[PDB]
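Asks: need a 3D model of the sequence below.
(chains A, B, C and D)
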Amino acid sequence: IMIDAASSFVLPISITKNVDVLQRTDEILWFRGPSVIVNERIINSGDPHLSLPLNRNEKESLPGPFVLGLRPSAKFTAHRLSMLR
Amino acid sequence: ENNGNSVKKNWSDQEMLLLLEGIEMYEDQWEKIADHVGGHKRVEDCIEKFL
Amino acid sequence: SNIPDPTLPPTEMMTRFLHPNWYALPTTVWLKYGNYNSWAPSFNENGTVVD
Amino acid sequence: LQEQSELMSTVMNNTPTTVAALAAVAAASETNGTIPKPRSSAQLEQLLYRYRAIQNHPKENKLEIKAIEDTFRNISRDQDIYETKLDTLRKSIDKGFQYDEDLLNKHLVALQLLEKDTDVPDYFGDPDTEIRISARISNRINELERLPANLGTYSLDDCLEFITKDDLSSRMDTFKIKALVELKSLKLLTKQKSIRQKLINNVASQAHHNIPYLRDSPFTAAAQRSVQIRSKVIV
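Replies: Numbers count the residues shown, from 1 in each chain, chains lettered A, B, ... in the order given. There you are, the coordinates:
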């Protein structure tokens, strides 16, 4: 198991004409491995569909992942904006 | 964070964490311990805070 | 690291202190010559503090 | 022999019907020393509910079902007695007392500190007692070495930051740092004692060259003068 590997490669031909959305050096960084997509960094460990209680085949499509993201209500945000000035 | 901190002898959680990280790294050579906090803390002051 | 666990049997932290107000000072040394010597200089002092 | 933990292991192993702890006269009576009346809220009561719901099918191979039903009758009787006492308590309330605020502030701080086993003030050598200190230090060490590493925070001030689906706000690790500063300060406790022994035995070993009232003493000045006497030569 090695730690001090390079894991970064840049092609010498500069085709930096229409490339401004990627991660530039400031050239294009090319890794040895792909990227990973994480939807929400917070996990609601309640919400008993995930915790599976032992009391009582059912399908249910919940609206959006934001149930599992601890999203606050807009009234507290409006109250904090009223407390801002 | 990487920006400059507040006035000295405040000792926030980053400055308290990095010193205890560096002591577990080197255990001596306080010149190599003061710069692990970020360099803005003195060698004579980090010892007084750790004691 | 190489630090020991804090549930170690040496933890007294004060066993060889020997504070300088507890130092023994050189005082006058009484000498004995025999059983029938009552005119000799009895005790001796060289660098003594007290009488 | 951990009769309350064997049912939890059988529920976690998803095989509580093939053996069901083999409750007999030599097995169900050896681990119990009638179930011993567990005191948990729902962590050991739902296991008894599942243990009753599974064994409804054999219906004769287990003889402790009568003891479990008597325990459930006792639980229902205690619930009814608690509801009647709650009704009597809510009907026995006086109209006016005018309870003060300072005594409430004195009770809440003390009741909060007595939850998690820490010291609270009143405001109303010796190796036998050092092992008791080390056993409380190692208790907090073994408690802090059981926390999950994937600990994140959420304060009530993040609504001014407008966290999107991929935002990575800078107030996520405000408690993970403080959960490691304590864990690594309880380990460097013997590390700082060596620095303190090297400091105190160098600032206090002399104690008569920087302190003025100890070097201005008639005994100390005469002693420091008399220890530097050079020996006299002969002829």
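
Asks: could you look up the SS state of residue D:219?
Replies: helix (DSSP: H, G, I helix; E, B strand; the rest coil).

Asks: contacting residues for the residue nearest to it when sequence neighbours are not counted?
Replies: Closest residue to residue D:219 apart from its sequence neighbours, by CB to CB, 6 or more residues apart in numbering or on different chains: residue C:49 at 5.6 Å. Placement of C-beta: from N, CA and C, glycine included. Neighbouring residues of residue C:49 by CB atoms under 8 Å, 6 or more residues apart in numbering or on different chains: C:25, C:26, C:27, D:219, D:222, D:223, D:226.

Asks: among those, which one has the most neighbours?
Replies: Among those, the one with the most neighbours (other CB atoms under 10 Å in any protein chain shown) is residue D:223, at 18 neighbours.

Asks: wait, that residue touches residue C:24, no?
Replies: No: between residue D:223 and residue C:24 no contact is recorded; they are 10.4 Å apart, counting by CB atoms under 8 Å.

Asks: in helices, which of the contacts of residue C:49 appear?
Replies: If you go by DSSP state H, these have D:219, D:222, D:223, D:226 in helices.

Asks: how close does the residue nearest to the last one when sequence neighbours are not counted sit to chain B?
Replies: Distance criterion CB to CB, 6+ apart; nearest residue to residue D:226, sequence neighbours excluded, is residue C:47 at 3.9 Å. Separation of residue C:47 from chain B (CB to the nearest CB, to the nearest Å): 39 Å.

Asks: return the distance of residue C:47 relative to residue D:205.
Replies: Plainly put, residue C:47 is 22 Å away from residue D:205 if you go by CB to CB, to the nearest Å.

Asks: and the closest residue to chain A within chain C, how many neighbours?
Replies: Closest residue of chain C to chain A, CB to the nearest CB: residue C:1 (19.4 Å). For residue C:1, the tally of surrounding residues (other CB under 10 Å) stands at 11.

Asks: helix, strand or coil for it?
Replies: Residue C:1 - assigned by three-state DSSP - is coil.

Asks: quick check: which element contains the residue positioned nearest the centre of chain D?
Replies: When CA atoms, centre = their mean is applied to chain D, the residue found nearest the centroid is residue D:116 (5.3 Å). Secondary structure from DSSP states H and E places residue D:116 outside every helix and strand.

Asks: again with the one 4 residues further on
Replies: Taking DSSP H and E as the definition, residue D:120 sits outside all helices and strands.

Asks: ok so, going back, surely the residue of chain C closest to chain A meets residue B:27?
Replies: Yes: counting by CB under 8 Å, residue C:1 does reach residue B:27; the two are 6.7 Å apart.

Asks: for chain D, what is the nearest residue in chain C?
Replies: Closest point on chain C to chain D, by CB to the nearest CB, is residue C:47, at 3.9 Å.

Asks: make that chain A, sorry
Replies: residue A:77 (4.2 Å).

Asks: wait, what's in contact with that residue?
Replies: D:159, D:160.

Asks: part of a helix, is it?
Replies: Yes: under three-state DSSP, residue A:77 falls within a helix.

Asks: buried ones in stretch A:64-82, by neighbour count?
Replies: residue A:68 (16 or more other CB atoms under 10 Å in any protein chain shown).

Asks: next one: it to chain centre, how far?
Replies: Its chain's C-alpha centre and that of stretch A:64-82 lie 18 Å apart, by CA atoms, centre = their mean, to the nearest Å.

Asks: residues making contact with stretch B:31-43?
Replies: So stretch B:31-43 is contacted by B:4-5, B:8, B:15, B:18-19, B:21-23, B:25-26, B:30, B:46, B:49 (CB under 8 Å, 6+ apart).

Asks: near chain A too, which of those?
Replies: Restricting the contacts of stretch B:31-43 to those within reach of chain A (CB under 8 Å from any CB of the partner chain) leaves nothing.

Asks: could you list which of the residues you listed belong to helices?
Replies: Checking the contacts of stretch B:31-43 against DSSP H, those in helices are B:15, B:18, B:19, B:21, B:22, B:23, B:25, B:26, B:46, B:49.

Asks: can I have the buried ones of those residues as a PyMOL selection?
Replies: Here is the PyMOL command that selects the buried residues among the ones in helices among the contacts of stretch B:31-43 (16+ other CB under 10 Å):
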select buried, chain B and resi 15+18+19+22+23+46
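
Asks: dump the ones in helices among the contacts of stretch B:31-43 to CSV, plus distance to chain D.
Replies: Shown next, in CSV, are the ones in helices among the contacts of stretch B:31-43 (distance: CB to the nearest CB, whole Å):
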residue, distance to chain D
B:15, 10
B:18, 10
B:19, 10
B:21, 8
B:22, 11
B:23, 6
B:25, 11
B:26, 12
B:46, 12
B:49, 11
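
Asks: whichever residue of chain D sits closest to chain C: what's it in contact with?
Replies: When scored by CB to the nearest CB, chain D has residue D:226 as its residue closest to chain C, at 3.9 Å. Residue D:226 is in contact with C:26, C:47, C:48, C:49, counting by CB under 8 Å, 6+ apart.
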